[PDB]
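J.: Sharing protein-v7.cif below, mmCIF, C-alpha atoms and all ligand atoms:
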```
data_run
#
loop_
_atom_site.label_atom_id
_atom_site.label_comp_id
_atom_site.auth_asym_id
_atom_site.auth_seq_id
_atom_site.Cartn_x
_atom_site.Cartn_y
_atom_site.Cartn_z
CA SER A 4 8.57 -31.17 23.76
CA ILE A 5 10.31 -31.68 20.44
CA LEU A 6 11.36 -28.02 20.42
CA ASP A 7 13.78 -29.00 23.20
CA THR A 8 15.65 -31.40 20.87
CA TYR A 9 16.89 -28.81 18.37
CA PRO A 10 18.25 -25.23 18.46
CA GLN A 11 15.59 -22.55 18.92
CA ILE A 12 18.06 -19.69 18.53
CA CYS A 13 19.00 -18.35 15.09
CA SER A 14 22.57 -17.62 14.04
CA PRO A 15 23.79 -14.29 15.42
CA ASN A 16 24.43 -13.25 11.80
CA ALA A 17 20.76 -13.66 10.85
CA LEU A 18 18.30 -10.89 9.97
CA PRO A 19 16.65 -8.60 12.57
CA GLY A 20 13.65 -9.86 14.50
CA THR A 21 14.76 -13.49 14.42
CA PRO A 22 14.88 -15.72 17.54
CA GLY A 23 17.81 -14.70 19.72
CA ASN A 24 18.54 -11.47 17.81
CA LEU A 25 15.75 -9.30 19.22
CA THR A 26 15.89 -5.68 20.37
CA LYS A 27 14.34 -4.84 23.75
CA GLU A 28 11.13 -3.65 22.11
CA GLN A 29 10.78 -6.76 19.94
CA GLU A 30 11.19 -8.93 23.05
CA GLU A 31 8.41 -7.09 24.87
CA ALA A 32 6.26 -7.19 21.72
CA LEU A 33 6.76 -10.96 21.68
CA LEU A 34 5.73 -11.40 25.33
CA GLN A 35 2.65 -9.24 24.73
CA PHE A 36 1.73 -11.19 21.60
CA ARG A 37 1.91 -14.52 23.41
CA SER A 38 -0.02 -13.14 26.38
CA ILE A 39 -2.92 -12.12 24.12
CA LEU A 40 -3.08 -15.47 22.35
CA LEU A 41 -2.95 -17.42 25.65
CA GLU A 42 -5.76 -15.22 26.92
CA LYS A 43 -7.83 -16.12 23.84
CA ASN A 44 -7.23 -19.77 24.73
CA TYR A 45 -4.73 -20.75 22.01
CA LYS A 46 -2.24 -23.40 23.11
CA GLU A 47 -0.31 -24.68 20.10
CA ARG A 48 2.22 -22.96 17.86
CA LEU A 49 3.06 -20.37 20.52
CA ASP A 50 6.82 -20.96 20.44
CA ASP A 51 9.21 -18.05 19.85
CA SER A 52 10.03 -19.13 16.30
CA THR A 53 6.42 -19.36 15.15
CA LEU A 54 5.29 -16.14 16.80
CA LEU A 55 8.31 -14.19 15.57
CA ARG A 56 7.49 -15.18 11.97
CA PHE A 57 4.04 -13.61 12.31
CA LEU A 58 5.50 -10.56 14.05
CA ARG A 59 8.14 -10.05 11.35
CA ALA A 60 5.47 -10.49 8.65
CA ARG A 61 3.59 -7.52 10.14
CA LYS A 62 6.56 -5.38 11.24
CA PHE A 63 5.86 -6.19 14.88
CA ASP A 64 2.43 -4.52 14.78
CA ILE A 65 0.88 -6.65 17.54
CA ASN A 66 -2.73 -6.11 16.49
CA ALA A 67 -2.00 -7.10 12.86
CA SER A 68 0.02 -10.10 14.04
CA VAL A 69 -2.82 -11.31 16.25
CA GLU A 70 -5.29 -10.99 13.37
CA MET A 71 -2.96 -12.92 11.05
CA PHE A 72 -2.32 -15.67 13.63
CA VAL A 73 -6.01 -16.00 14.47
CA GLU A 74 -6.93 -16.28 10.77
CA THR A 75 -4.17 -18.80 10.17
CA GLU A 76 -5.42 -21.03 13.01
CA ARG A 77 -8.94 -20.95 11.61
CA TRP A 78 -7.67 -21.90 8.15
CA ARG A 79 -5.54 -24.80 9.41
CA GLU A 80 -8.58 -26.29 11.11
CA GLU A 81 -11.06 -25.72 8.26
CA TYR A 82 -8.60 -26.81 5.56
CA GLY A 83 -7.30 -29.80 7.48
CA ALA A 84 -3.66 -28.69 7.56
CA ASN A 85 -3.38 -29.93 11.15
CA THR A 86 -3.94 -33.57 10.15
CA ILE A 87 -2.71 -33.42 6.56
CA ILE A 88 0.41 -35.55 7.22
CA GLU A 89 -1.65 -38.03 9.23
CA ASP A 90 -4.24 -38.28 6.44
CA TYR A 91 -1.51 -38.81 3.83
CA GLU A 92 -0.09 -41.78 5.75
CA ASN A 93 -3.56 -43.36 5.99
CA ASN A 94 -3.75 -43.33 2.18
CA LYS A 95 -0.02 -43.42 1.39
CA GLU A 96 0.00 -46.02 -1.40
CA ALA A 97 -2.64 -44.15 -3.39
CA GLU A 98 -1.02 -40.77 -2.76
CA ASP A 99 2.47 -41.91 -3.74
CA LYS A 100 1.17 -43.43 -6.98
CA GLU A 101 -0.35 -40.13 -8.03
CA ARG A 102 2.75 -38.23 -6.93
CA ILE A 103 5.04 -40.47 -8.98
CA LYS A 104 3.01 -39.74 -12.13
CA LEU A 105 3.86 -36.03 -12.07
CA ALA A 106 7.50 -36.24 -10.92
CA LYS A 107 9.17 -36.48 -14.32
CA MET A 108 7.00 -33.75 -15.84
CA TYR A 109 7.36 -31.41 -12.86
CA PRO A 110 10.61 -32.12 -10.94
CA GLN A 111 10.48 -30.92 -7.32
CA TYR A 112 13.26 -32.05 -5.01
CA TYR A 113 15.36 -31.20 -1.99
CA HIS A 114 19.07 -31.76 -2.32
CA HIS A 115 21.34 -30.92 0.63
CA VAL A 116 21.61 -27.37 2.05
CA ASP A 117 22.95 -23.87 1.36
CA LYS A 118 25.88 -22.21 3.17
CA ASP A 119 23.69 -21.32 6.15
CA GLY A 120 22.21 -24.78 6.52
CA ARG A 121 18.87 -24.02 4.83
CA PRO A 122 17.27 -26.90 2.89
CA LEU A 123 18.17 -26.60 -0.79
CA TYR A 124 15.02 -26.91 -2.91
CA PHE A 125 14.83 -27.34 -6.71
CA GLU A 126 11.93 -27.04 -9.15
CA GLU A 127 12.11 -27.42 -12.93
CA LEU A 128 9.24 -26.15 -15.08
CA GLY A 129 10.34 -26.63 -18.68
CA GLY A 130 8.93 -30.13 -18.93
CA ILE A 131 5.42 -29.22 -17.86
CA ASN A 132 2.69 -29.94 -20.41
CA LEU A 133 -0.58 -28.44 -19.16
CA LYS A 134 -2.83 -30.68 -21.25
CA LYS A 135 -1.27 -33.78 -19.67
CA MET A 136 -1.10 -32.14 -16.23
CA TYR A 137 -4.87 -31.67 -16.18
CA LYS A 138 -5.32 -35.39 -16.87
CA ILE A 139 -3.32 -36.48 -13.83
CA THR A 140 -4.08 -33.87 -11.20
CA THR A 141 -6.23 -30.83 -10.38
CA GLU A 142 -5.26 -27.31 -9.28
CA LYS A 143 -6.71 -27.80 -5.79
CA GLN A 144 -4.80 -31.07 -5.59
CA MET A 145 -1.54 -29.28 -6.32
CA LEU A 146 -2.23 -26.77 -3.56
CA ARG A 147 -2.86 -29.66 -1.16
CA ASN A 148 0.58 -31.07 -1.95
CA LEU A 149 2.12 -27.64 -1.35
CA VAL A 150 0.41 -27.43 2.03
CA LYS A 151 1.52 -30.98 2.86
CA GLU A 152 5.14 -30.13 1.97
CA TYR A 153 5.04 -27.03 4.19
CA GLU A 154 3.95 -29.27 7.08
CA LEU A 155 6.67 -31.83 6.25
CA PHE A 156 9.18 -28.98 6.03
CA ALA A 157 8.25 -27.85 9.55
CA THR A 158 8.17 -31.24 11.27
CA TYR A 159 11.10 -33.12 9.66
CA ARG A 160 13.37 -30.82 7.66
CA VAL A 161 13.63 -27.91 10.13
CA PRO A 162 14.59 -30.07 13.13
CA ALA A 163 17.27 -32.05 11.26
CA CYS A 164 18.67 -29.03 9.45
CA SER A 165 18.74 -27.07 12.72
CA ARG A 166 20.66 -29.80 14.58
CA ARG A 167 23.24 -30.06 11.81
CA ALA A 168 23.68 -26.29 11.63
CA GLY A 169 23.75 -25.81 15.41
CA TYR A 170 21.29 -22.94 14.99
CA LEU A 171 17.57 -22.74 14.20
CA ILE A 172 16.78 -23.03 10.47
CA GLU A 173 13.40 -21.59 9.46
CA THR A 174 13.60 -21.03 5.73
CA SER A 175 14.68 -22.67 2.50
CA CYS A 176 16.99 -21.80 -0.38
CA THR A 177 14.96 -22.24 -3.54
CA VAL A 178 16.04 -22.54 -7.15
CA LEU A 179 13.38 -22.26 -9.84
CA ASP A 180 14.63 -23.52 -13.21
CA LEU A 181 12.56 -22.09 -16.09
CA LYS A 182 14.70 -23.50 -18.88
CA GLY A 183 12.43 -24.35 -21.79
CA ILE A 184 9.15 -22.87 -20.59
CA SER A 185 7.01 -20.84 -22.96
CA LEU A 186 5.89 -17.41 -21.76
CA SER A 187 2.45 -18.29 -23.09
CA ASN A 188 2.09 -21.18 -20.63
CA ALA A 189 3.34 -18.93 -17.83
CA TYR A 190 0.44 -16.54 -18.38
CA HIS A 191 -2.08 -19.39 -18.33
CA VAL A 192 -1.02 -20.51 -14.85
CA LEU A 193 -1.25 -17.11 -13.13
CA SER A 194 -4.28 -18.14 -11.08
CA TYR A 195 -2.28 -21.04 -9.67
CA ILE A 196 0.69 -18.78 -8.88
CA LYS A 197 -1.73 -16.42 -7.15
CA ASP A 198 -3.17 -19.25 -5.03
CA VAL A 199 0.31 -20.44 -4.09
CA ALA A 200 1.37 -16.92 -3.12
CA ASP A 201 -1.77 -16.45 -1.01
CA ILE A 202 -1.33 -19.65 0.98
CA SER A 203 2.38 -19.01 1.55
CA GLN A 204 2.08 -15.35 2.58
CA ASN A 205 -1.08 -15.71 4.66
CA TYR A 206 -0.49 -19.00 6.46
CA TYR A 207 3.24 -19.63 6.27
CA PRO A 208 4.83 -16.24 6.85
CA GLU A 209 8.58 -15.84 6.66
CA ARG A 210 9.25 -19.32 5.29
CA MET A 211 11.14 -17.92 2.27
CA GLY A 212 14.91 -17.69 2.60
CA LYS A 213 16.42 -17.14 -0.84
CA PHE A 214 14.47 -17.62 -4.08
CA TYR A 215 16.43 -17.81 -7.36
CA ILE A 216 14.80 -17.81 -10.80
CA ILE A 217 17.14 -19.08 -13.51
CA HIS A 218 17.05 -19.74 -17.23
CA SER A 219 14.07 -17.40 -17.56
CA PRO A 220 13.20 -16.67 -21.23
CA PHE A 221 13.40 -13.28 -22.93
CA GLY A 222 10.35 -11.27 -21.93
CA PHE A 223 10.00 -12.99 -18.56
CA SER A 224 10.24 -9.58 -16.90
CA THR A 225 6.93 -8.67 -18.59
CA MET A 226 5.28 -11.78 -17.19
CA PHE A 227 6.72 -11.18 -13.70
CA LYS A 228 4.93 -7.81 -13.70
CA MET A 229 1.71 -9.81 -13.61
CA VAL A 230 2.94 -11.57 -10.47
CA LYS A 231 4.39 -8.75 -8.35
CA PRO A 232 0.91 -7.25 -7.68
CA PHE A 233 0.00 -10.02 -5.25
CA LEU A 234 3.41 -10.42 -3.62
CA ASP A 235 4.15 -8.31 -0.57
CA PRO A 236 7.38 -6.22 -0.37
CA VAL A 237 9.34 -8.69 1.78
CA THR A 238 8.50 -11.58 -0.54
CA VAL A 239 9.70 -9.62 -3.57
CA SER A 240 12.94 -8.76 -1.74
CA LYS A 241 13.78 -12.48 -1.54
CA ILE A 242 13.37 -13.18 -5.26
CA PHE A 243 16.38 -12.97 -7.56
CA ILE A 244 16.01 -13.34 -11.32
CA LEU A 245 19.47 -14.43 -12.44
CA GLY A 246 21.14 -13.80 -15.80
CA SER A 247 23.68 -15.80 -17.80
CA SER A 248 26.22 -15.85 -14.95
CA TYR A 249 23.72 -17.44 -12.55
CA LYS A 250 26.12 -20.23 -11.55
CA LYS A 251 28.48 -17.70 -10.01
CA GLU A 252 25.59 -16.26 -8.03
CA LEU A 253 24.44 -19.68 -6.79
CA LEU A 254 28.02 -20.37 -5.73
CA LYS A 255 27.96 -17.33 -3.45
CA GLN A 256 25.12 -18.95 -1.51
CA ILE A 257 25.55 -22.69 -2.01
CA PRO A 258 28.54 -24.97 -1.30
CA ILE A 259 29.90 -26.22 -4.61
CA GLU A 260 29.71 -29.85 -3.40
CA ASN A 261 25.97 -29.51 -2.69
CA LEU A 262 25.04 -27.92 -6.03
CA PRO A 263 24.18 -30.38 -8.85
CA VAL A 264 26.56 -30.47 -11.82
CA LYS A 265 24.06 -28.97 -14.27
CA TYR A 266 23.79 -25.94 -11.99
CA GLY A 267 27.52 -25.38 -11.61
CA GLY A 268 28.43 -27.70 -8.77
CA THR A 269 29.90 -31.17 -8.39
CA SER A 270 27.02 -32.95 -6.63
CA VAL A 271 25.90 -36.29 -8.06
CA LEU A 272 23.67 -39.18 -6.94
CA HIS A 273 25.23 -42.40 -5.62
CA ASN A 274 23.73 -44.20 -8.62
CA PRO A 275 24.29 -42.10 -11.75
CA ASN A 276 21.26 -43.72 -13.37
CA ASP A 277 18.88 -42.53 -10.64
CA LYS A 278 16.68 -39.48 -11.24
CA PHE A 279 16.74 -36.21 -9.33
CA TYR A 280 12.95 -35.98 -9.58
CA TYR A 281 12.62 -39.07 -7.37
CA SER A 282 15.22 -37.91 -4.83
CA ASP A 283 15.03 -36.39 -1.37
CA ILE A 284 18.55 -35.93 -0.02
CA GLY A 285 19.42 -33.94 3.09
CA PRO A 286 20.13 -33.84 6.86
CA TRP A 287 16.65 -35.25 7.56
CA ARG A 288 17.91 -38.48 5.99
CA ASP A 289 20.92 -38.64 8.30
CA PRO A 290 20.21 -40.81 11.37
CA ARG A 291 22.54 -38.55 13.34
CA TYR A 292 20.21 -35.58 12.84
CA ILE A 293 16.84 -37.34 13.02
CA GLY A 294 15.18 -36.88 16.39
CA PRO A 295 12.00 -37.97 18.22
CA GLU A 296 9.92 -36.68 15.31
CA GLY A 297 11.11 -39.75 13.43
CA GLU A 298 12.05 -39.96 9.76
CA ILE A 299 10.11 -38.21 7.04
CA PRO A 300 7.86 -40.43 4.91
CA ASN A 301 9.00 -41.35 1.39
CA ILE A 302 7.17 -39.07 -1.05
CA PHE A 303 7.64 -41.33 -4.08
CA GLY A 304 7.19 -44.62 -2.26
CA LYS A 305 9.73 -47.30 -3.14
CA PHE A 306 11.13 -45.09 -5.92
CA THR A 307 12.35 -42.45 -3.47
CA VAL A 308 16.09 -41.89 -3.90
CA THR A 309 17.72 -40.85 -0.63
CA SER A 310 21.33 -41.00 -1.79
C1 LIG A 401 -3.73 -29.58 -12.75
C2 LIG A 401 -2.75 -28.47 -13.12
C3 LIG A 401 -3.40 -27.10 -12.99
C4 LIG A 401 -2.39 -26.07 -12.51
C5 LIG A 401 -0.98 -26.67 -12.49
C6 LIG A 401 0.09 -25.58 -12.46
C7 LIG A 401 1.44 -26.15 -12.89
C8 LIG A 401 2.59 -25.35 -12.29
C9 LIG A 401 2.66 -23.96 -12.92
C10 LIG A 401 3.47 -23.02 -12.04
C11 LIG A 401 4.62 -23.77 -11.37
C12 LIG A 401 5.64 -22.78 -10.80
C13 LIG A 401 5.01 -21.88 -9.75
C14 LIG A 401 6.08 -21.26 -8.86
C15 LIG A 401 6.10 -21.93 -7.48
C16 LIG A 401 7.44 -21.73 -6.80
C17 LIG A 401 7.62 -22.69 -5.62
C18 LIG A 401 6.98 -22.11 -4.36
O1 LIG A 401 6.43 -22.85 -3.55
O2 LIG A 401 7.03 -20.77 -4.14
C19 LIG A 401 6.52 -20.43 -2.85
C20 LIG A 401 6.52 -18.93 -2.69
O3 LIG A 401 5.66 -18.33 -3.66
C21 LIG A 401 6.27 -17.23 -4.15
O4 LIG A 401 6.78 -16.42 -3.38
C22 LIG A 401 6.34 -17.00 -5.66
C23 LIG A 401 7.77 -16.64 -6.05
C24 LIG A 401 7.82 -16.13 -7.49
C25 LIG A 401 7.04 -17.05 -8.41
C26 LIG A 401 7.20 -16.59 -9.85
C27 LIG A 401 7.22 -17.78 -10.80
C28 LIG A 401 6.82 -17.35 -12.21
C29 LIG A 401 5.94 -18.41 -12.86
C30 LIG A 401 6.40 -18.69 -14.29
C31 LIG A 401 6.58 -20.19 -14.50
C32 LIG A 401 5.53 -20.75 -15.44
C33 LIG A 401 5.98 -22.11 -15.99
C34 LIG A 401 5.01 -22.63 -17.04
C35 LIG A 401 4.09 -23.68 -16.45
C36 LIG A 401 3.70 -24.71 -17.51
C37 LIG A 401 7.31 -21.10 -1.73
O5 LIG A 401 8.63 -20.56 -1.58
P1 LIG A 401 9.69 -21.38 -0.68
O6 LIG A 401 11.06 -21.00 -1.06
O7 LIG A 401 9.27 -21.26 0.72
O8 LIG A 401 9.43 -22.85 -1.20
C38 LIG A 401 10.32 -23.91 -0.87
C39 LIG A 401 9.88 -24.56 0.44
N1 LIG A 401 8.58 -25.21 0.24
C40 LIG A 401 8.69 -26.26 -0.77
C41 LIG A 401 8.14 -25.79 1.52
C42 LIG A 401 7.60 -24.21 -0.20
#
```
Show me, as structure tokens, the structure contained in the file I just sent.
Ligand SMILES: CCCCCCCCCCCCCCCCCC(=O)O[C@H](COC(=O)CCCCCCCCCCCCCCC)COP(=O)(O)OCC[N+](C)(C)C
T.:
Amino acid sequence: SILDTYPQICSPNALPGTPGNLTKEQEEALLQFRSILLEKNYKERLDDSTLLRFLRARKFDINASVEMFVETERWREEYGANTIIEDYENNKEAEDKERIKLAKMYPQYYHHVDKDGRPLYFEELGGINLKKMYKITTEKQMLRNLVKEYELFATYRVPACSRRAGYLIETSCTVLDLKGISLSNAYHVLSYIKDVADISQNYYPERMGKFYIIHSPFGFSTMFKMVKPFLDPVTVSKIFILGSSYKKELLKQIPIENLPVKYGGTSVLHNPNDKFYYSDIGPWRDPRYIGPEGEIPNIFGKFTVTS
């Protein structure tokens, strides 16, 4: 299996309940959880990493974890998450074209890793113009992309990042740049935020590592109060709204050489004229860390910048 080609044990300095750092009870809870699922005839996604994410998400309450896992499996099948990557490749050209149209307006890109080896993910929202957004894509379409990225994250990014780190990597280090957004637009996209939060928390438990919100406008705290209601306690604990000295905070978590210059680091693209919103740079692009899973497809087609 592919799980045999990359570390399945987390760093010994990781949080409680993570692969390889279990207490005696958590270990037994894990064996019991798997035993129940096998008995119900489930066969995929029964590895320690996957099951421990569901267990952690429900504080090791086995009954709650089974319910969550069972619901997740139903959703994946009804939604088509299980063949989403396959379906994308069958219609790649068309997909890429649509994806390229939104890149400049809504930059979303991975760029290296944080100090623990987690994929470093960036999103900029100040350039978003809703009126134009609605002419290029739909809300459901955006959710589909989010689901597709979660699957890409799990099959290509996790293995490569884990091999480079020498330990299992299960989460990402996210930076949300709100520079230039208008609070008014923020309120209008609450339903989308809610849908994103629901998919993430219900079907992709424990995928959040560190989540930084920077350049938020005055009064953002008021708007975040509209969001907290549908975020569970653990999720909230991973979100950090940074102030004016945000660069210093990012530097505590991210190597200076991996952090882009505009965020306080020294990282630049091989070709200074290339755009970050067309880039996808990281271990999963390094032949030395790519395994049997093969290399990740290019999200922006021929425009994808990998260095
Ligand atoms: C046709 C258009 C119709 C609707 C279009 C909406 C346009 C977009 C508007 C909102 C965009 C920003 C929404 C925040 C999404 C944050 C990114 C995210 O996925 O958060 C999820 C988690 O969801 C959360 O927990 C939410 C965290 C707090 C979100 C609070 C943001 C506040 C919103 C204010 C911004 C409004 C900007 C104005 C828009 C014009 C994934 O986290 P991760 O670290 O695991 O992600 C990285 C790894 N992958 C990529 C695999 C997930």
J.: Could you list, as a list in words, all protein and nucleic acid residues with an atom at most 6 Å from ligand LIG 401 (chain A), counting all atoms listed in the file?
T.: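 So, counting all atoms listed in the file, the residues near ligand LIG 401 (chain A) are residues 124, 128, 131, 133, 136, 137, 140, 141, 142, 152, 153, 156, 175, 177, 184, 188, 189, 192, 195, 196, 199, 200, 203, 210, 211, 214 and 238 of chain A.
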J.: Determine, for each residue of range 144-245 of chain A having at least one atom at most 10 Å from an atom of range 65-71 of chain A, the closest pair of atoms and their separation in Å to one decimal, counting all atoms listed in the file; order by chain and ascending number, as a Markdown table.
T.:
```
| residue | atom | partner | partner_atom | distance |
| --- | --- | --- | --- | --- |
| A:205 | CA | A:71 | CA | 7.2 |
| A:206 | CA | A:71 | CA | 8.0 |
| A:208 | CA | A:71 | CA | 9.5 |
```
J.: For range 282-286 of chain A, list every protein, DNA or RNA residue within 8 Å, evaluated using all atoms listed in the file, and leave out those in the same chain fewer than 4 positions away; present the list as a PDB file with C-alpha atoms, keeping the file's coordinate frame.
T.:
```pdb
ATOM      1  CA  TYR A 112      13.260 -32.050  -5.010  1.00  0.00           C
ATOM      2  CA  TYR A 113      15.360 -31.200  -1.990  1.00  0.00           C
ATOM      3  CA  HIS A 114      19.070 -31.760  -2.320  1.00  0.00           C
ATOM      4  CA  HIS A 115      21.340 -30.920   0.630  1.00  0.00           C
ATOM      5  CA  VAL A 116      21.610 -27.370   2.050  1.00  0.00           C
ATOM      6  CA  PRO A 122      17.270 -26.900   2.890  1.00  0.00           C
ATOM      7  CA  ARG A 160      13.370 -30.820   7.660  1.00  0.00           C
ATOM      8  CA  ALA A 163      17.270 -32.050  11.260  1.00  0.00           C
ATOM      9  CA  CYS A 164      18.670 -29.030   9.450  1.00  0.00           C
ATOM     10  CA  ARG A 167      23.240 -30.060  11.810  1.00  0.00           C
ATOM     11  CA  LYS A 278      16.680 -39.480 -11.240  1.00  0.00           C
ATOM     12  CA  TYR A 292      20.210 -35.580  12.840  1.00  0.00           C
ATOM     13  CA  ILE A 293      16.840 -37.340  13.020  1.00  0.00           C
ATOM     14  CA  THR A 307      12.350 -42.450  -3.470  1.00  0.00           C
ATOM     15  CA  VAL A 308      16.090 -41.890  -3.900  1.00  0.00           C
ATOM     16  CA  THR A 309      17.720 -40.850  -0.630  1.00  0.00           C
ATOM     17  CA  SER A 310      21.330 -41.000  -1.790  1.00  0.00           C
TER      18      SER A 310
END
```
J.: Between A:86, A:35, A:132, A:52, single out the one closest to residue 173 in chain A, counting all atoms listed in the file.
T.: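 Distance minimum relative to residue 173 in chain A lands on A:52.
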J.: Go through A:231, A:135, A:46, A:102 and flag the residue nearest residue 148 in chain A, using all atoms listed in the file for the distances.
T.: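 Going through A:231, A:135, A:46, A:102 one by one, the smallest distance to residue 148 in chain A is for A:102.
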